[PDB]
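Start at 1 and go down the list; that is how both ligands and their atoms are numbered. Note: hydrogens, waters and symmetry copies are ignored here, and every other heavy atom, side chains too, is used. Proteins get letters first, then strands, A, B, ... in listed order; numbering begins at 1 in each.
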Protein chains: 2
Amino acid sequence: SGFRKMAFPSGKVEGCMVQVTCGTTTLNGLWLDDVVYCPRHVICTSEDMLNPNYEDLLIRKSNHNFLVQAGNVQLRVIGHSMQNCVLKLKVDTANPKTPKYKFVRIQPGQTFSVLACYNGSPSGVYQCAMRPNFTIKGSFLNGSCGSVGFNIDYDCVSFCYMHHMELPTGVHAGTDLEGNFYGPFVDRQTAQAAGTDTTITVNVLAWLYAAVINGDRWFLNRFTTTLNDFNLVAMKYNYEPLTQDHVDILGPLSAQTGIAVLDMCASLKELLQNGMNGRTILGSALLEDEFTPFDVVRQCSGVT
Amino acid sequence: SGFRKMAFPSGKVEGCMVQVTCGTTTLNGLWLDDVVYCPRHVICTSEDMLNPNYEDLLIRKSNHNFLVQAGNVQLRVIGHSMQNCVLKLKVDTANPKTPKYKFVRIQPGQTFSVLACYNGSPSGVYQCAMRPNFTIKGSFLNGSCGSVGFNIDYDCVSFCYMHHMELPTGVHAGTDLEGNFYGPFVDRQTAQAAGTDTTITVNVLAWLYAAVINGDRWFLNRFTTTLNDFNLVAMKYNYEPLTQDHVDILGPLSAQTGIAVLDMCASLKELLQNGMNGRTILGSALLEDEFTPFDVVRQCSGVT
Ligand SMILES: CC(=O)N1CC[C@@H](C(=O)Nc2cncc3ccccc23)c2cc(Cl)ccc21
Ligand SMILES: CC(=O)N1CC[C@@H](C(=O)Nc2cncc3ccccc23)c2cc(Cl)ccc21
């Protein structure tokens, strides 16, 4: 029993974190096989960030201008190439600690663990979600650029996120491991509006099932609803419309608890229209949407 | 910017997790140097747990009855000894992955990261606190026994907690790495009341400073208080009395923000007597007490 915002064990990812320097700029890189991936803004100065021309900027840079330091030893760079917003630096040594890995582009609503790094060194690990507006509410300071988000399936590490920038609003933005930004964001120092963020309905429902599993049942009520009626309520409260696929993914949790998905929706509907009246659910005074149905099953079953 | 319940990178601790079996019982062990530490209840059956005599039970066990499996390879056990509630099994091989480490007994109010393990395999990492009543609000399932709590100072891992049991109330209890339980708890299957839990006042104040640092300032008010007046309010709301040492530890955060500790106490006093009125602080609808002043400084400065 107990329900925590749990992150994946960060060991296989720590073994890939390197320091990448170019000019006066330093950030973190991801060393897998003989390639180091890092945000392409490592080639910029503070002035360059206002309106950068990365193609022109990269032409002024040679392999010897990229300093890759793994731990306290230098890696020799023998190739450099820009892929979207990431630089891929070919080093002459394969990382002996390279885990089994994939590069995956997660969907909004999905969660992942972030290993925050500064100067190639891991400082902490936390669990977060790709918000519906493609931002992440991370905890990142200056130097955190290059920190990666990932998921782990037994021995395979699926890298899904690489941190690039913090929006003026305190939220964070980044790319997949192929350098494509999640959302409309660009690696430029300019005003960038993150669209309207909504609440990941399927995740709140999953966390409501986790509450039932862990004994918190006050919110359960004598009512039920239809997907159409529930979605009218969801729209008003800035929640994502619940689809039949969301209901299907909630299937295992509905089966474990014996509470139909639509009955659980009616409980959420009343919590939305009535609030919590000062009560908490799993030690939280608000509705949590950063646990996917897979996360709740994994935590309540014990997948290693 | 951003404030998360961040855990320490779990890499140096994953490299020590082993599976320990004795009879039909299996749990996790901590392998450092040529010693494996695990809860002494690995020698019990389910029936034995009701009223166990560990000295008598251990006499029926030989070195060959303790099966230590590191990864997928067996470790040869050459010695076994009970220290308080932990068994120390002398293996013939030193762990090549043994980090720099200390065994420390944390105080209530302090935080640590937990690497939850099942069958010697890490499944997740999360940050939690040693509650004032010596329990932890962890997330642990059957098989999690032997999972450890720790802190990390650059390259040194201070192990502070080893998980032993879940109380009927869903909260968790365990020992330091010398086998001494935190609190009045015993490794027996009997009713065990965890005393009254209080809110770690210094931690809530620290997290209020973290909110100021990250832009959340609505709760700041035109008032101040005295330690004596504030403590009368704290007593009513089941908060720990704030001492001058707590004020001293809040010194760096008070200096960073320019908001005197007693002014911050007045803001907390009004939040206690008035609630939040539906507003949140750092994405939380309640007052958070699981970030120590050291944690807030570390997260807002970037200690690797
Ligand atoms: C916004 C801005 O001026 N910069 C320069 C640095 C950089 C940036 O955002 N870095 C940061 C990331 N994560 C937390 C940060 C907390 C503090 C400072 C910087 C952080 C950056 C990267 C791109 Cl792609 C576009 C713009 C900017
Ligand atoms: C309470 C009880 O019956 N047992 C037997 C197993 C064991 C125990 O608590 N284990 C567990 C720990 N953490 C989460 C657990 C979720 C589910 C099941 C078991 C969990 C234990 C250990 C001691 Cl020292 C004393 C009693 C008991």
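Between the side chains of B:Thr304 and A:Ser123, no donor-acceptor pair is found at a separation under 3.5 Å. With 3.5 Å as the limit, one finds no donor-acceptor pair spanning the side chains of B:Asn119 and B:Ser121. Residues B:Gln299 and A:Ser139 have side chains that bring a donor and an acceptor to within less than 3.5 angstrom of each other.
In this structure, the ring of B:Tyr37 has its center less than 6.0 angstrom from the ring center of B:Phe103. Taking the six-membered ring for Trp and the full ring otherwise, A:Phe185 and A:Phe134 have centroids separated by 6.0 Å or more.
The protein non-hydrogen atom at the shortest distance from atom 23 (C) of ligand 1 is A:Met165 CB, 3.4 Å. For atom 24 (Cl) of ligand 1, the closest non-hydrogen atom of the protein is A:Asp187 CB, 2.9 Å. Among all non-hydrogen protein atoms, the one lying nearest atom 19 (C) of ligand 1 is A:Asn142 OD1, 3.7 Å. The protein atom (non-hydrogen) at minimum distance from atom 14 (C) of ligand 1 is A:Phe140 O, 3.2 Å.
Residue-level proximity to ligand 1 for A:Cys145 is carried by the side chain, the only part with a heavy atom below 4.0 angstrom. With a 4.0 Å heavy-atom cut-off, ligand 1 is reached by the backbone of A:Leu141 but not by any atom from C-beta on. Contacts of A:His163 with ligand 1, taken as heavy-atom pairs under 4.0 Å, involve the side chain alone. Only the side chain of A:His41 comes within 4.0 Å of ligand 1, judged by heavy-atom distances.
A cation-pi arrangement, defined by a distance under 6.0 Å to the six-membered ring centre and an angle within 45 degrees of its axis, is absent between B:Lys5 and B:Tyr126.
Side chains of A:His164 and A:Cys85 form a contact here, defined as non-hydrogen atoms less than 4.5 Å apart.
Listed by number with element, the atoms of ligand 2 under 4.0 Å from a non-hydrogen atom of B:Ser144 are 12 (C), 13 (N), 14 (C).
Distances from atom 16 (C) of ligand 1 to the protein include at least one heavy-atom value under 4.0 Å.
For atom 1 (C) of ligand 2, the choice among B:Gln192, B:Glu166, B:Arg188, B:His172 with the nearest heavy atom turns out to be B:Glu166. Residue nearest to atom 8 (C) of ligand 2, selected from B:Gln189, B:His164, B:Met49, B:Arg40: B:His164 (by heavy-atom distance).
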Salt bridge (charged side-chain N to carboxylate O under 4.0 Å, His left out) between B:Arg4 and A:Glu290, intermediate numbers included: CA-CA 12 Å; B:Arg4 281 288 181 180; A:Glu290 293 205 348; 2.9 Å; yes

